[PDB]
Amino acid sequence: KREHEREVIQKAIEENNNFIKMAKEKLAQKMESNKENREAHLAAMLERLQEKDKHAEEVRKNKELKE
Amino acid sequence: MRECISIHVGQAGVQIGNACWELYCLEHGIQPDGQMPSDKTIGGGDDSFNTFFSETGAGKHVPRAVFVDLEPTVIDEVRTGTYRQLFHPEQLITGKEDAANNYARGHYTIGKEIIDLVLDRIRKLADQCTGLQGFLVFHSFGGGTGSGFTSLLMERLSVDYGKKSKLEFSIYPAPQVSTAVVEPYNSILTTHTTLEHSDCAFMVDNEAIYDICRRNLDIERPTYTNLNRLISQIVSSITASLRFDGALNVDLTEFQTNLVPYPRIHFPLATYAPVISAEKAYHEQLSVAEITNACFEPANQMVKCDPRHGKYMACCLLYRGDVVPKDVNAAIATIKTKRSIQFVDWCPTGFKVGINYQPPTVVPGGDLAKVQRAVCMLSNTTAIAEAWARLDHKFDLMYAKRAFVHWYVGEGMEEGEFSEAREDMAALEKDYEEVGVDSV
Amino acid sequence: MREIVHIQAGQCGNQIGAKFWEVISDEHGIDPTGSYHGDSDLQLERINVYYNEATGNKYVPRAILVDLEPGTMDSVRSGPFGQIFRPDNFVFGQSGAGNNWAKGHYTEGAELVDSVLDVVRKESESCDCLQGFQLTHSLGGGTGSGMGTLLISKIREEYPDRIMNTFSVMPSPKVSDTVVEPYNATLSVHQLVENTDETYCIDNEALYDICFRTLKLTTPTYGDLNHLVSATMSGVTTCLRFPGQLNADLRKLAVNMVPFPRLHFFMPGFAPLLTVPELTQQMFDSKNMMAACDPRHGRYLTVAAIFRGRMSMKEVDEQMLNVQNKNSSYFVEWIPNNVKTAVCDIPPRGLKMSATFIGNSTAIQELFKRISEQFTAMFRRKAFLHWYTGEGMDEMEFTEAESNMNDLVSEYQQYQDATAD
Ligand SMILES: COc1cc2cc(c1Cl)N(C)C(=O)C[C@H](OC(=O)C(C)C)[C@]1(C)O[C@H]1[C@@H](C)[C@@H]1C[C@@](O)(NC(=O)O1)[C@H](OC)/C=C\C=C(\C)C2
Ligand SMILES: Nc1nc2c(ncn2[C@@H]2O[C@H](COP(=O)(O)OP(=O)(O)OP(=O)(O)O)[C@@H](O)[C@H]2O)c(=O)[nH]1
Ligand SMILES: Nc1nc2c(ncn2[C@@H]2O[C@H](COP(=O)(O)OP(=O)(O)OP(=O)(O)O)[C@@H](O)[C@H]2O)c(=O)[nH]1
Ligand SMILES: [Ca+2]
Ligand SMILES: [Mg+2]
Ligand SMILES: [Mg+2]
């Protein structure tokens, strides 16, 4: 019975730690996943704007080769 | 000891915090500067009101509370308000840019910038505790901060404080005072994320409170001030067992044992009485039997639902004021032979009772009549699932077309989080359905 | 605080821009010197949203005045509240666009755009917390249209996490005899649908018809049209300028008004041109829309409505509920509670009470179809294409802009036809 008593409190500690652990890891993964996604969305935005600049160069270029 | 730490998140959480802590001060005879003449133990104590107030050497009684909002204008009013001396400046935390009714911004983009600072300030309160019992978290379902930042905080609190108890007072959205079309999204996301991390959550339907102010107090167009003063009374009734002592006093944790049959089934329905104007309360005394019977009028519930079409898993009565057990028992016996009260078959039908002799209090210039006795019923009914059903339906209407979803995706979220959250809500509705079925 | 950086480009942009500042400076109780002479603290609580406070309690508009010709610049500086604007924030070229979108967007404007950005940057960096930009301009000209859409792209490169709002004035043959305007409008819309978060569609066709048919003003001047614009612009910014719960900032407005990113073109409305009931009935009436569209030819995705003045708020709630029930077919059912109501108890000047309307209606397509009708006919005609290709433009950029606006129309049609089940 003494050994059973030890196993019960050890189980409670284990499960409590496992809950803390999985919560810590689950959260860290979410914030990482969110950081990548938001950055990837902003990066795609700038890239589209940066080819509007390249396009504008090509347009001004096309006007000099117009004369 | 048994200290409780309150955390007020977002506009709704903060402004309800203002009402509650103003009300507590009047109940305990604490002045706006924090002084409490009746308290002879200067600089500390083990009294019941010390569960919510710490004490400085200068005799100031300071709320065990943190106020957090991602925008400063609501908390600024606290910093310059009547009770500004009550709080240490570090208890009042503000960012510069709110979450814009967006869960993603509250949980991720904006929230992550201030979460560490918030946990540090919470830690500072906790280390002053000799026996911390747990946290009380006030927030809206609809706001970006109330939803997003709260769920982030609750996750972090579970890591930093293990299985230490965490209670919620959650403001459930109503169209009469709604601020955003996406509040159903924010509601489902925060409910899903906080579910594992909350031990007990008291939902407050703004429409329920709105109707009570209109019908029982004759307020043509209730303001947040009208709602919050009513809400603070229900909150006060629930926390009264922690803040006061008494022979017939029953601790909130004892009620909690009865109210939560399974971890996910932790949403009690609150019903408060009497809500009555000074004009009507004059030359009219509401007896124990009358206010108790009022607890089974659905018009008096904090959440719109019909318990008469559901099943009970618990029924708790929290009295305060001039009340004795004899009258309670008589009132209950009458009610059971006249109301539609039906329990599930796996639970006993006895009503659990608590009495705090400290009478109800009202804030100056408030709409509520000062009465000699009040009661708050805390019941566990399957019917509260109706509140989930209404929210989930509104969620489905918009998500089918992916309306407004791009605001969330733009902040780093994925559609998988929406579907995961909605599936959890569907399982929760099914859970409340399963517990109501008769055993085999 | 939460600052907005105002920009006005071209003639139209500076005209309505100046009147905008005249009207709100009056509401916030500040004179053309920049000093405060009001009576209510509510006038100053959120003053920093649009104004910089200088030494000696002098409030300076956070405004940037732009044009490819120095003419209008003198007009503003000589006009009322001309001495309130920051001198350094005046940015003028000398060339002039001549209603050539290509000149404004690729050539003449591209050489002035940087000195504008320098002023944008200087204003921005001094913000406690910049929320975004609002631009006033027309789409029918060359500067406000072509350069205005260039500035937007350029600003969005340096401030991609800020809100970009615009007050775009739409061209109409009833007001301007210029024939190439449907080119400039389509080319602009091609840019606005991609790079703005919120666009208020100010339609000269609607402004004309209101003045002529309701105000009974044959031969309406730009002053008459702008009196409507100013009252409107005052209305749709009230929630930004005064203490409030609802759409209090540009981002929260966008989140409530834009269910899909491309569908961000609002038709504003104003009433009157009284009782709470008929104020409400008027603001939902087609005759009171500042966009030449019939809302009963489509469905509302979202709606924002602010009432101004002292009135029974119980009555406003009841009647806003009343309108939604009697006109339930004209609000999409797959967006619950899409109509939001605000109330500011300080009325505008002259009126004891008014109501401003902001609708995201699929009926806005009627406006884009009008422009497209002109554009498509012009494209077949190929009338004045050399002025654009002369600056280096290609014929495809015309085609792409056309089909993109066609897509916008069909997308508004898609969600108009959608059902809950
Ligand atoms: C003899 O017949 C006509 C003679 C003229 C115009 C017309 C007719 Cl029919 N029509 C039909 C119009 O609709 C007017 C319109 O121009 C106007 O904006 C306005 C100033 C008149 C326009 C050309 O379509 C506009 C742009 C292609 C613009 C034209 C310009 O402004 N610069 C530029 O690069 O592009 C240019 O040089 C300054 C002056 C004006 C042109 C000339 C060609 C007169
Ligand atoms: N009962 C009550 N409800 C409130 C109060 N303030 C806001 N709400 C409700 O809360 C919801 C909006 O969430 P808020 O708390 O205002 O927003 P937030 O938490 O600050 O999050 P942000 O988007 O960042 O501003 C709406 O449904 C409101 O009706 C209040 O003082 N009392
Ligand atoms: N409502 C209104 N519309 C105006 C006003 N001024 C010009 N417009 C319209 O603007 C369109 C042409 O654009 P403009 O602003 O005049 O030209 P711009 O943007 O300055 O470009 P450029 O003149 O070529 O340098 C026409 O369709 C006009 O009807 C105004 O004061 N009020
Ligand atoms: Ca003490
Ligand atoms: Mg807020
Ligand atoms: Mg011009």
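Shown for chain C, in order and in Swiss-Prot numbering: 1-273, 284-431.
If you're wondering, the header gives X-ray crystallography, 2.4 Å.
Any Cβ shown, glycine's included, is placed from N, Cα and C.
According to Swiss-Prot:
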type	residues	note
MOTIF	C:1-4	motif 'MREI motif'
BINDING	C:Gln11, C:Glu69, C:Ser138, C:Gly142, C:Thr143, C:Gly144, C:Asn204, C:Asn226	GTP binding site
MOD_RES	C:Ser40	phosphoserine
MOD_RES	C:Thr55	phosphothreonine
MOD_RES	C:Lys58	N6-acetyllysine
MOD_RES	C:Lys58	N6-succinyllysine
BINDING	C:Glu69	Mg(2+) binding site
MOD_RES	C:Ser172	phosphoserine
MOD_RES	C:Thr285	phosphothreonine
MOD_RES	C:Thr290	phosphothreonine
MOD_RES	C:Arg318	omega-N-methylarginine
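Mapped onto this structure are the features recorded in Swiss-Prot.
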residue	record	contacts (Cβ under 8 Å, 6+ apart)
C:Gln11	GTP binding site	C:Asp67, C:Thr72, C:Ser138, C:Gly141, C:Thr143, C:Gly144
C:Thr55	phosphothreonine	none
C:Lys58	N6-acetyllysine	C:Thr33, C:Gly34, C:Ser35
C:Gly142	GTP binding site	C:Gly10, C:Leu68, C:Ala97, C:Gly98, C:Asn99, C:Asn100, C:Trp101, C:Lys103, C:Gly104, C:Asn184
C:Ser172	phosphoserine	C:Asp203, C:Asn204, C:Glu205, C:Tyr208, C:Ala302
C:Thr285	phosphothreonine	none
C:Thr290	phosphothreonine	C:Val326, C:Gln329, C:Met330, C:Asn332, C:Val333, C:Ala365
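Under DSSP, residues within the motif 'MREI motif' (C:1-4) fall into helix, strand and coil as 0 helix, 1 strand, 3 coil. In sequence order, C:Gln15, C:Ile16, C:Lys19 make up the list of same-chain residues 6 or more apart from C:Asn226 (GTP binding site) whose Cβ falls under 8 Å from its Cβ.
Taking the Cα atom of each, C:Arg318 (omega-N-methylarginine) and C:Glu69 (GTP binding site) are about 38 angstrom apart. If you measure from the Cα atom of C:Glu69 (GTP binding site) to that of C:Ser40 (phosphoserine), you get 40 Å. For the GTP site, whose binding residues are given in the record as C:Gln11, C:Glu69, C:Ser138, C:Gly142, C:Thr143, C:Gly144, C:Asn204, C:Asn226, the maximum C-alpha distance rounds to 23 Å. Listed in sequence order, the modified residues among C:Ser40, C:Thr55, C:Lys58, C:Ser172, C:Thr285, C:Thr290 whose CB lies under 6 angstroms from an atom of ligand 3 come out as none at all. Shown are the recorded positions C:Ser40, C:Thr143; the one with the most C-beta atoms within 10 angstroms of its own C-beta is C:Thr143. Take the binding-site residues C:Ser138, C:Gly144: by the count of other Cβ atoms within 10 Å of each Cβ, the lowest one is C:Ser138. The 6 Å Cβ screen around ligand 6 retains C:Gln11 from the recorded positions C:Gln11, C:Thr55, C:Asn226, ordered by sequence position. Look at C:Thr285 (phosphothreonine): DSSP puts it in coil. For the recorded site, C:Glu69 (GTP binding site), the DSSP three-state label reads coil. Look at C:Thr55 (phosphothreonine): DSSP puts it in coil. Its Cβ taken as reference, the residue listed as 'omega-N-methylarginine' is surrounded by 23 other Cβ atoms within 10 Å in the chains shown. Its Cβ placed at the centre, C:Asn204 (GTP binding site) has 24 other Cβ atoms within 10 Å. Over all protein chains present, the Cβ of C:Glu69 (GTP binding site) has 17 other Cβ atoms lying within 10 Å.
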